[PDB]
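Participant: Need a 3D model of the following:
(one chain, ligands or ions: 1)
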Amino acid sequence: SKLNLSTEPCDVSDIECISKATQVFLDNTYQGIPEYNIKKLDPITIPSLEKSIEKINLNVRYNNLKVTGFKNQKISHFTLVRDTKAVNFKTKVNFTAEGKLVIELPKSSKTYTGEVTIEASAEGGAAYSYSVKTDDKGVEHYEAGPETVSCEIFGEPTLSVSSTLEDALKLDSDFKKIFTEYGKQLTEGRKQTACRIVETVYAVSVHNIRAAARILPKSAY
Ligand SMILES: *[C@@H]1O[C@H](CO)[C@@H](O)[C@H](O)[C@H]1NC(C)=O
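Facilitator: Residues are numbered from 1 along each chain as shown. Below you will find the coordinate block:
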């Protein structure tokens, strides 16, 4: 004993332990473990994110967004309320989302498609509670319930486009009319989109904790 640095399962009031077990898990599962219903988190591809601001007459659609950086996410807060087994934790993350942008200008019947890269620094949070459930036939497991995700962005995301796509947009009068009169709100849109990426990926990562809690007994508590 005297010098035991052996890790062992956490006591329910042992918060920095459970926080740390949450971190070890994230760090060793971001590649995915499909054998146990654990999804990849870095890289993670978001297939589609369509969006339409009316009647500023513009549709913007991000396609096949490859998101990287979540492997590096670091827990910044971790609450566990023993009465409800209610969990709340936040991580800090810097990600890059890389894919295709489609800009449609419906009143002109035009479309442009080029490469896009978004980068943000954020802090996202997840809140949910555990129930212990049957759960099949004598095996009892923790069951994480539906979560709420928060999103805070630090600074302003950088949005970056191919230079051919910049040129095409600069040279389009319908788009320029919008950028000139509504530049503000487009810039808004960019922060909404960062929070959408964050929401999407944090739901996956809680899916993963949820999937792990189903397999385990878990006197890994
Ligand atoms: C997160 O991104 C920001 C730059 O916007 C900076 O704090 C740092 O390079 C990143 N964090 C870490 C731990 O690298």
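Participant: Packing partners of the longest helix along the chain?
Facilitator: Criterion DSSP state H: the longest helix present in the chain is helix 173-215. Identification of packing neighbours for helix 173-215 by 3 or more C-beta pairs under 8 Å, 6 or more residues apart in numbering; DSSP states H and E yields helix 15-27, strand 44-53, strand 58-68, strand 86-105, strand 110-133, strand 141-144, strand 148-161, helix 163-170. The C-beta positions use only the backbone N, C-alpha and C, and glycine is treated the same way.
Participant: now it: how far from the chain's centre is it?
Facilitator: In terms of C-alpha atoms, centre = their mean, to the nearest Å, the centre of helix 173-215 is found 9 Å from the chain centre.
Participant: Can you say which of the helices and strands packed on helix 173-215 is nearest to residue 217?
Facilitator: If you check each of the helices and strands packed on helix 173-215 against residue 217 by C-beta to C-beta, strand 141-144 wins as the nearest, at 7.1 Å.
Participant: Contacts for the closest one, please.
Facilitator: Applying C-beta atoms under 8 Å, 6 or more residues apart in numbering, the external contacts of strand 141-144 come out as 85, 87, 128-133, 135, 206, 209-210, 213-218.
Participant: switch the cut-off to 7 Å
Facilitator: 128, 130-133, 135, 206, 209-210, 213-214, 216, 218 (C-beta atoms under 7 Å, 6 or more residues apart in numbering).
Participant: got JSON lines for those residues, with neighbour count and distance to residue 26 too?
Facilitator: Formatted as JSON lines, the contacts of strand 141-144 follow (neighbours: other C-beta atoms under 10 Å; distance: C-beta to C-beta, whole Å):
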{"residue": "128", "neighbour count": "19", "distance to residue 26": "16"}
{"residue": "130", "neighbour count": "18", "distance to residue 26": "17"}
{"residue": "131", "neighbour count": "12", "distance to residue 26": "22"}
{"residue": "132", "neighbour count": "10", "distance to residue 26": "23"}
{"residue": "133", "neighbour count": "13", "distance to residue 26": "23"}
{"residue": "135", "neighbour count": "14", "distance to residue 26": "24"}
{"residue": "206", "neighbour count": "19", "distance to residue 26": "11"}
{"residue": "209", "neighbour count": "22", "distance to residue 26": "8"}
{"residue": "210", "neighbour count": "19", "distance to residue 26": "13"}
{"residue": "213", "neighbour count": "18", "distance to residue 26": "14"}
{"residue": "214", "neighbour count": "18", "distance to residue 26": "17"}
{"residue": "216", "neighbour count": "13", "distance to residue 26": "15"}
{"residue": "218", "neighbour count": "13", "distance to residue 26": "17"}
